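See below for the structure under consideration.
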Ligand SMILES: [Zn+2]
């Protein structure tokens, strides 16, 4: 058997850098409540890849 020396099955998890008001988010303001994380690892400015 292989018990494994891992910590958790979830490694790629996101969160909401906002709040939940009027049944709508303030960070992304998605349509549903259980929507997929909005705060993704991205940025406008950065060393473009060549
Ligand atoms: Zn959000």
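None of the figures in this text is laboratory data; all of them are computed from the coordinates on show. FYI the Cβ positions are ideal-geometry reconstructions off the backbone, even for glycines, and counts take in every protein chain you see.
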Report summary line: Classified through the alpha carbon gyration tensor (a ≥ b ≥ c as square roots of its eigenvalues; rounded if a/c is under 1.5, else prolate when a/b is larger than b/c, else oblate), the chain comes out oblate
Report task. Take every Cα pair under 8 Å in the chain that's 6+ residues apart, average their separations, divide by the length, and report that relative contact order as a whole percent. Result -> 29 percent
Query raised in the report: Would you list 26, 12 from fewest to most Cβ contacts within 10 Å?
Result: 12, 26
